[PDB]
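K.L.:
Can you keep this structure in mind? I'll have questions shortly.
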Ligand code: CLA
Ligand code: CLA
Ligand SMILES: CC1=C[C@H](O)CC(C)(C)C1/C=C/C(C)=C/C=C/C(C)=C/C=C/C=C(C)/C=C/C=C(C)/C=C/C1=C(C)C[C@H](O)CC1(C)C
Ligand SMILES: CC1=C(/C=C/C(C)=C/C=C/C(C)=C\C=C\C=C(C)\C=C\C=C(C)\C=C\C2=C(C)CCCC2(C)C)C(C)(C)CCC1
Ligand SMILES: O=P(O)(O)OC[C@H](O)CO
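Chains as they are written, first to last, in the numbering used here: chain A, 175 to 320; chain B, 26 to 220; chain C, 1203 to 1242; chain D, 467 to 618.
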């Protein structure tokens, strides 16, 4: 499943031996090498995944403020139940980590969008910090003038 | 039998021969077989909690509506005696002393199954260190086998149950049952989180 | 990337350990300063 | 124990007042609302608080007006030494037991000294928590807590 053809992030050239495009979304990226050990990558992979899956949903939180241009016992219990629940959830996911050609497409695409939310979900707050203003309108509200 | 965690896997010491085996010994205390045979005995005797935890719980809820007027379990120091307290300790000690050592021998060599002063009579007929049949089992129930795993499992919960009782008492300043019912005053706000 | 880990596993480990230990101890002292006894 | 408790002490009480007056003397040159101000006042409340707490917990205080600890074992003053002492030995053993457990696991095969200068083995498989129950090392004692090479 090797190819010198994958759309590298930096064209001509970008080939780290560990990355090969065998994985989905392999745009040949990792100068640091932040995973040159298969134990290193196999973990990073799962890590870069779950994150994305979450970030997407986070995005689904940016979907709600445009539909309209927080608890019955705030935090506390709401968290413990969360801890107790996502625990067991993430629990088993942990135990699994240590124990068709069509699908590649889906998964390559899944990561990239997923990559987007994180950069996204990120952006909306380091723009919100220090700078008390919502992003809700900014798309064409800040487009009025730089 | 089962496993406490799907990965990690059971140790070799936890064969499954013992009732209540679930491959849970992350630290490694019971790894030396002599070590187990002792901790197996300790788990049963500690576990058999049950007797007490039920002893501190049930009479507290029999005094629920006013059926009995007995003091709380943590208020029963005095004068719950027709002979005063200090009398009772010595009686409790001296004789428990006797029972405990005899029980002790059976752990090293079984044992002391026979009667003693008795001039012309039977003796306990049994096998197995942790469980002795005989009047200990007058009904003559089934030393099976699953119950042996039932016995444990219920004792283990009782233990955790005791740990709950004592802790909770502190902070919740009162009865483990008032406690229990203060939570029921429409919970979702009546949580340990409060304290 | 195996290399960075090991690197962090030499006597530096001691500094990180003692920094973490110091932080714990100081913070404990913040929440409970002037402690001449254990009263509970 | 010629000492009379920090509550009915006139010296230990006097010592409290002396310390806070000196602190108060310092804030007079900075003008409230300023930084060095709180820092001084925050120091004063801590001063009052620690003096207040010491009287609560007991603490006998000598004629000098400072608390003296009693380590005789007296039940009235267990918190002054025994209870912290029990806590120390617990952690002291825990460290001792975890460290011993490490050098033992290392010895078979490998280059043992390699693991000593570099420990890219963290708690080995999972050795730290083993200390939570160190006192069960009493049972290690009845077997082979000691090697029989030299003497008994
Ligand atoms: C006296 C109590 C007691 C004793 C002697 C045992 C003994 C044993 N257990 Mg058991 N167990 C207990 C209680 C006990 N257990 C409780 C309450 C639970 C519910 C989680 C379990 C769940 C359990 C499982 C799932 C398994 C065992 C197994 C075993 C056997 C092997 C492990 C071992 O040696 O234990 C060592 C003995 C000790 C460690 C006793 C000391 C423990 C510490 C000091 C107490 C901790 C106090 C508490 C946490 C303080 C508060 C903490 C704070 C954070 C709030 C051995 C016979 C394994 C087996 O195969 O059974 C045959 C098995 O897989 N146990
Ligand atoms: C294993 C631990 C343990 C257990 C399981 C118990 C269990 C019990 N204890 Mg005990 N206790 C313990 C440890 C334990 N304790 C310790 C360590 C101490 C310190 C000494 C005590 C000190 C203590 C005291 C001082 C007392 C108890 C009592 C009791 C009993 C309470 C219910 C009762 O009054 O009689 C059981 C309830 C009944 C038998 C109800 C039926 C009565 C019959 C049918 C008569 C019929 C009357 C009438 C027709 C019915 C109609 C009434 C209607 C109007 C409602 C219960 C058996 C009380 C007791 O001794 O009970 C007699 C009480 O006096 N305990
Ligand atoms: C709570 C809730 C509920 C409801 O629903 C709503 C809401 C509110 C919204 C919510 C939620 C939210 C969320 C979940 C969020 C999440 C997020 C995330 C995950 C992010 C990440 C994020 C992430 C991110 C950024 C990441 C990033 C990363 C990066 C850059 C990296 C880089 C790199 C790499 C690769 C490698 C190489 O060699 C180097 C470097 C250079 C180092
Ligand atoms: C009580 C008290 C007191 C006293 C004390 C005393 C006097 C005692 C003692 C003591 C002694 C006289 C002891 C001894 C001994 C011995 C020996 C012989 C030893 C040993 C050991 C070992 C073997 C250990 C080991 C280990 C561990 C286990 C842990 C870790 C470490 C190791 C690993 C090292 C006073 C009063 C002071 C105070 C108060 C309290
Ligand atoms: O087998 P379980 O699920 O009843 O586990 C026992 C509890 O942890 C307390 O006994």
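In this text, a Cβ means the ideal position worked out from N, Cα and C, and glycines have one as well.
#1: Restricting to Cα atoms, I'd like to know which of D/477, D/543, D/593 is closest to residue 423 of chain D.
#2: Using the C-alpha atoms, what's the distance from residue 145 of chain B back to residue 629 of chain D?
#3: For residue 72 of chain B, does the count of other Cβ atoms within 10 angstroms reach 16, so buried, or fall short, so exposed?
#4: Please confirm whether any heavy atom of ligand 4 lies closer than 8 Å to the CB of residue 467 of chain D.
#5: Does DSSP put residue 477 of chain D in a helix, a strand or coil?
#6: Can you confirm whether the region 190-197 of chain A touches the region 201-214 of chain B when touching is taken to mean that 3 or more C-beta pairs between the two stretches lie within less than 8 Å?
#7: In chain C, which residues lie with their C-beta within 9 Å of the C-beta of residue 553 of chain D?
#8: Reducing DSSP to helix, strand and coil, say where residue 53 of chain B ends up.
#9: Residue 151 of chain B and residue 159 of chain B: beta carbons closer than 9 Å?
#10: Give the residues whose C-beta lies closer than 6 Å to at least one heavy atom of ligand 5, in chain order.
#11: Starting from the N-terminal end, write out each residue whose C-beta falls within a distance shorter than 5 Å of any non-hydrogen atom of ligand 3.
#12: Could you check if residue 68 of chain B belongs to the surroundings of ligand 1, using beta carbon to heavy atom distance under 8 Å?
#13: In three-state terms, what does DSSP make of residue 178 of chain B?
#14: On the criterion of 16 or more Cβ atoms from any shown chain inside 10 Å, does residue 296 of chain A qualify as buried, or is it exposed?
#15: Quick check on DSSP: helix, strand or coil for residue 203 of chain B?
#16: Closer than 8 Å is the cut-off here; do at least three beta carbon pairs connect the region 46-58 of chain B with the region 282-297 of chain A?
#17: Using 8 Å for Cβ pairs, my map puts residue 186 of chain B next to residue 74 of chain B. What's the rounded Cβ distance?
#18: Do residue 547 of chain D and residue 557 of chain D have their CB atoms nearer than 9 Å?
#19: Are the CB atoms of residue 551 of chain D and residue 523 of chain D nearer to each other than 9 Å?
#20: Check each residue of the region 47-59 of chain B: if its Cβ is closer than 9 Å to any Cβ of chain D, include it; give the result in chain order.
#21: Among the candidates D/565, D/608, D/527, D/613, whose CA atom is the shortest distance from the CA of residue 619 of chain D?
#22: According to a CB-to-CB cut-off of less than 7 Å, which residues of the region 585-597 of chain D neighbour chain C?
#23: Report yes or no: is there a C-beta of chain D within less than 9 Å of the C-beta of residue 1222 of chain C?
#24: Nearest by alpha-carbon distance to residue 583 of chain D: which of C/1209, C/1239, C/1241, C/1203 is it?
#25: Tell me whether the beta-carbon of residue 170 of chain B lies closer than 9 Å to the beta-carbon of residue 161 of chain B.
#26: What does the Cβ neighbour count give for residue 190 of chain B, buried or exposed, with the cut at 16 atoms within 10 Å?
#27: Just the C-alpha distance for residue 129 of chain B and residue 116 of chain B, rounded to the nearest angstrom, thanks.
#28: Identify which residue in D/532, D/531, D/533, D/549 has its Cα closest to the Cα of residue 539 of chain D.
#29: Using the beta-carbon of each residue, which ones in chain B are nearer than 8 Å to residue 272 of chain A?
#30: Anything in chain A within Cβ reach of residue 214 of chain B, meaning under 8 Å, just list it in chain order.
#31: Please return the same chain residues whose Cβ sits closer than 6 Å to the Cβ of residue 486 of chain D, not counting the five positions on each side in sequence.
#32: Taking 9 Å as the threshold (C-beta atoms), are residue 183 of chain B and residue 78 of chain B in contact?
#33: What is the rounded straight-line gap between the Cα of residue 320 of chain A and the Cα of residue 313 of chain A?
#34: CA-CA distance, residue 143 of chain B and residue 137 of chain B?
#35: So residue 265 of chain A is in the alpha helix (DSSP H); what residue range does that whole segment cover?
#36: Below 8 Å, how does it come out for the region 201-210 of chain A and the region 175-190 of chain A: are there three or more Cβ pairs, yes or no?
P.N.:
With the given structure in hand:
#1: The requested residue 423 of chain D is not part of the displayed model; chain D covers only 467 to 618.
#2: For chain D, the structure presents residues 467 to 618; residue 629 of chain D sits outside this window and is missing.
#3: buried
#4: no
#5: helix
#6: no
#7: In chain order: 1240.
#8: coil
#9: yes
#10: B/178, B/181, B/182, B/185
#11: A/204, A/206, A/208, A/225, A/228, A/229, A/232, A/235, A/292, A/295, A/296
#12: yes
#13: Helix at residue 178 of chain B.
#14: exposed
#15: helix
#16: Short answer: they don't touch.
#17: Yes, residue 186 of chain B and residue 74 of chain B are in contact; Cβ-Cβ is about 7 Å, under 8 Å.
#18: no
#19: Taking a C-beta distance under 9 Å as the contact criterion, residue 551 of chain D and residue 523 of chain D do not qualify as a contact pair.
#20: 51, 52, 53, 54, 57, 59
#21: Not covered by the structure: residue 619 of chain D. The range shown for chain D is 467 to 618.
#22: 585, 586
#23: No, because no Cβ of chain D sits closer than 9 Å to the Cβ of residue 1222 of chain C.
#24: Checked all of C/1209, C/1239, C/1241, C/1203; the closest Cα to residue 583 of chain D is C/1209.
#25: No, these two residues do not count as a Cβ contact at 9 Å.
#26: buried
#27: 20 Å
#28: Minimum Cα distance to residue 539 of chain D is reached at D/549.
#29: Neighbours of residue 272 of chain A on chain B, chain order: 32.
#30: 247
#31: Around residue 486 of chain D: 510, 513.
#32: yes
#33: 12 Å
#34: 14 Å
#35: 251-271
#36: With three or more CB-CB distances shorter than 8 Å, the region 201-210 of chain A counts as touching the region 175-190 of chain A.
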